[PDB]
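*Asks:* Task: produce atomic coordinates for the following.
(one chain, ligands or ions: 2)
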Amino acid sequence: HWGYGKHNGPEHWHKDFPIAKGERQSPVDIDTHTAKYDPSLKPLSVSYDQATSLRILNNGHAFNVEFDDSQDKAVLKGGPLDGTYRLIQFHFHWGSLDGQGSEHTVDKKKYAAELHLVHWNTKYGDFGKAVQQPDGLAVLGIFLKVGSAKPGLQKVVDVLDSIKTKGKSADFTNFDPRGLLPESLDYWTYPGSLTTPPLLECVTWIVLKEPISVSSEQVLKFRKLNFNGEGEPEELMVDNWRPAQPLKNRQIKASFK
Ligand SMILES: CN1C(=O)NS(=O)(=O)c2ccccc21
Ligand SMILES: [Zn+2]
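*Replies:* Numbers count the residues shown, from 1 in each chain. Ligands and ions are numbered 1, 2, ... in the order given. Please see the structure below:
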């Protein structure tokens, strides 16, 4: 099945998932000089004060911190969005080396990692219905660079030992995702897709311009995770990123001058 290896990685995905060669695939390179300021874009509204985290899962591709999305508790609104989008999970993509790991790039620059906060449009009732709609999801993407530690990430880092291998999960309550946000909410936005199979074209991407800084020790602990299950040969969970895909007939809009 699909993964990030030589024989099942991104260049192979189109055989099982032909939408991989579609018209609104993600990620993309953000050419900062070609992105156009759109003064009609509103400020983002990130309302995470009542977020209820539940669990952290190694799914064999990344680790997901999952939230209770049975009520409007942590929501994203405003910006390019119409309506209300509920936080369901976040996860990261990262590299084997600090010079790679992000999915989106900025003027071809690759960051060490990228955080995806995944939200679904409440007008579709559930996540599974939302992913079938062109405006079903809103993903807030945040770049990670290596420098000073991010204090609000440490609780995530310290539980990873307990979910080393595929299929392991651990209770992960009371985690505040506000501790993962940079100061500025300036962003770029474009219509795109999930970045792993099934690669559905259901995402409004909102990518923040300001990266967060994490320490080398923090990202090193991401790289100790495993793609494999327990009792299988160890394959380090690294380079779980899809490279930039053709922009095709899309414009990237900027919220800022
Ligand atoms: C699995 N996966 C990703 O890797 N990156 S993402 O496009 O933000 C995403 C969004 C929704 C569901 C799954 C997702
Ligand atoms: Zn992702």
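*Asks:* in which helix or strand would I find the residue of the chain most remote from its centre?
*Replies:* Largest separation from the mean C-alpha position in the chain: residue 231, at 28.6 Å (CA atoms, centre = their mean). Assigned by DSSP states H and E, residue 231 belongs to no helix or strand.
*Asks:* try the one 3 residues further on
*Replies:* With elements delineated by DSSP H and E, residue 234 resides in a region that no helix or strand encompasses.
*Asks:* cool, and residue 155?
*Replies:* Here residue 155 sits within helix 154-159, counting by DSSP H and E.
*Asks:* Which elements pack onto that helix?
*Replies:* Using 3 or more CB pairs under 8 Å, 6 or more residues apart in numbering; DSSP states H and E, the elements in contact with helix 154-159 are helix 216-222. The way it works is simple: take the backbone N, C-alpha and C, and place the C-beta from them, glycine included.
*Asks:* Tell me the buried residues in the helix it packs on?
*Replies:* 218-219, 221-222 (16 or more other CB atoms under 10 Å).
*Asks:* same thing with stretch 96-110?
*Replies:* In stretch 96-110, counting by 16+ other CB under 10 Å, buried: 98, 100-106, 110.
*Asks:* next one: stretch 118-135
*Replies:* Result for stretch 118-135 [16+ other CB under 10 Å]: buried residues 118-121, 124, 127, 130-131, 135.
*Asks:* which of these are close to ligand 1?
*Replies:* For ligand 1, the contacts drawn from those by CB under 6 Å from any ligand atom are residue 118.
*Asks:* from the buried residues of stretch 118-135, which ones fall inside helices?
*Replies:* 127, 130 (DSSP state H).
*Asks:* Tell me the one among the buried residues of stretch 118-135 nearest to ligand 1.
*Replies:* Ligand 1 has its nearest neighbour among those in residue 118, at 4.5 Å by CB to the nearest ligand atom.
*Asks:* and the gap between that closest one and residue 50?
*Replies:* 17 Å (CB to CB, to the nearest Å).
*Asks:* pretty sure residue 27 contacts residue 106?
*Replies:* No: between residue 27 and residue 106 no contact is recorded; they are 10.9 Å apart, counting by CB atoms under 8 Å.
*Asks:* Which residues of this protein lie near ligand 1?
*Replies:* Counting by CB under 6 Å from any ligand atom, the residues of the chain close to ligand 1 are 116, 118, 137, 139, 194-196.
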